[PDB]
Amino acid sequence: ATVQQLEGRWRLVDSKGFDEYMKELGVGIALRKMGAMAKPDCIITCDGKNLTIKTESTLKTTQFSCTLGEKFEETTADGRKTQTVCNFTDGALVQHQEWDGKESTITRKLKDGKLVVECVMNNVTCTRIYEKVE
């Protein structure tokens, strides 16, 4: 498994636990309603160690860029400013966020041809599945 295999545009086809995850983050009602109803695309590109992830929907588009292995300031879709590091490890992209004494992990892996995106904060989990599109 390589980071290249994750590249391209992906469309959300299933979500479980996302509202619970947003509540654990303390996201307010407007962004939680938007997160319930959006069906974003995720666009992953990677040029060696330069990674970009763009989340695109009619309601909100966000994007970040980083160098794998390097700490950077991420503005999240809910507006937190986290210290983030992304790495490709054990056949998954792993994105670790730390802020104000809190931490959350997001993983992205290929399973049976789908992109499986998992999030956790304090044992509150979500799984979002995306299918490859053109």
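Numbers for residues come from their place in the sequence shown, where the first is 1. Take the two forms, find the largest set of C-alpha atoms that superpose within 1.5 Å, and that set is the rigid core.
Annotation: of the segments 93-101 and 22-30, 22-30 departs further from this form in 6 other deposited structures of this protein (C-alpha atoms, root mean square over structures and residues, core superposition). Once the structures in 6 other deposited structures of this protein are superposed via the core, the pair 53-61 and 83-91 is resolved in favour of 53-61 as the more displaced stretch (C-alpha RMS). Set 105-113 against 59-67 and average the Cα temperature factors; 105-113 ends up higher. Stretches 2-10 and 125-133 differ in mean CA B factor, with 2-10 having the higher one.
The residue among 96, 39, 54, 80 whose C-alpha carries the highest B-factor in the deposited model is 39. Among the modelled residues of its chain, residue 44 has a C-alpha B-factor that falls in the lowest third according to the deposited record.
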